[PDB]
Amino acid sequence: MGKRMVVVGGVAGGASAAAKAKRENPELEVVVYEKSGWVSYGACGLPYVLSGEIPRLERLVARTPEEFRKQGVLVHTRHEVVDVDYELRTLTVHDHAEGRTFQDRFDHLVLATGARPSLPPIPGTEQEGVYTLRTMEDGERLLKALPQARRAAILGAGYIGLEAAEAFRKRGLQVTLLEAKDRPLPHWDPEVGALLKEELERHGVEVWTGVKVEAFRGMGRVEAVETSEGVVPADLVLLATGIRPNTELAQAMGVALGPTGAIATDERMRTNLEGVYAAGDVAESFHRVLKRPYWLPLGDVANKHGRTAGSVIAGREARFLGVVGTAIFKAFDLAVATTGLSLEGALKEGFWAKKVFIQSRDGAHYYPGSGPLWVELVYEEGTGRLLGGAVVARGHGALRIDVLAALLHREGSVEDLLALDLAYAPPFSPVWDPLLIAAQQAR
């Protein structure tokens, strides 16, 4: 057929779906309504623009609405879809331009509305030098503030935020990191959190742990941040305290939410409504270690959602088979990569789990320049089944984390990892690869 595919949200989930659908079946009428007035850009690259290493913000955009148009996709920015006459039963889309508002119909709907920052209930948040890092607009705002230092406070030591702290330092500001839990990257076992505190401090960043941020002092400007632990002075504060999915429009139309709070889907990215798909940070994925639905808002998983929904719609056979949790980020001179479960969470889940954490090198002892490389394995006591792992390196990189993700995918044991024929040469790994030395193999 030659029906009409309407995508709500044009960032990554949505742009993927739109592009793949149109390519796979050009008969389709493909239209994207994006509320933010930018479409198809790399939010992940924001801290590299902030820091100054990337010259202009437009460098993050993958496809422009003009290029899309050339490829038969119609994108409208600053268009918000406000209601859907679902089932119910189509019309459905009423959305809003500049000036007007209006109706449109759909045969296939892709809900790709993403996620918004989850702010903690703190008096003072509303003031003037308080910021959030999620969109190109947040990028513009912060980029305007940044020159004209001087003192920054970042609430939250997760990904945005560890990443932000590096950006701010490279811009001259003095930066103090306030985390509510007891280490940076609280979400993982604490050997990694340690290495990270050390690097952050090595670079001039002050890291407060166990902090109860009480309020942001000022008369609508902000100059302070009063905490249980004292008072941090600050003329720019970044709230980097987590995200939650944008499921609001979807609930209105009667799309089901899964246990995590994100929209539920199948291997086909289909929601509980015929005709309605979901993709990207709004959508749950199946976790292959935990064997249940799980929320993993990364950009690679949003592209995979997109591409599947799009393929399915254009009537190609395509399925999305889950995730395992692989993540990697850069904080100064560390590249930190986790996958699967940490030992904390593997015990919360009930496994009789143990960990091993070793430090090795990233090249032969004798090779000039070789740095350190640490690798953690989280496994089941008796079976030896892998359940998670980390590696941290300076490397561009390592990234050997991908081997563990491959093993997590099938069931995969420490014994399987041991048997692997990995690559060795003096510039790139010691003759026993850190993955192999970690395996069983040392403590």
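The first residue of the sequence shown is number 1, and the count goes up from there.
71 to 79 and 87 to 95 differ in mean CA B-factor, and the higher of the two is recorded for 87 to 95. With 131 to 139 and 320 to 328 compared on mean CA B-factor from the PDB entry, the stretch scoring higher is 131 to 139.
In this entry, the residue among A278, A224, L341, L195 with the greatest C-alpha B factor is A224. Taking the PDB entry at face value, the top CA B factor among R288, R307, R217, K355 belongs to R217.
Remark: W38 belongs to the highest third of its chain, ranked by C-alpha B-factor as recorded. Placement of the Cα temperature factor of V110 within the chain: lowest third of the modelled residues, per the deposited record. Residue-level temperature factors show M5 in the middle third of its chain, judged at the C-alpha atom. When the modelled residues of the chain are ordered by their C-alpha B factor, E179 lands in the middle third. When the modelled residues of the chain are ordered by C-alpha B-factor, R151 sits in the highest third.
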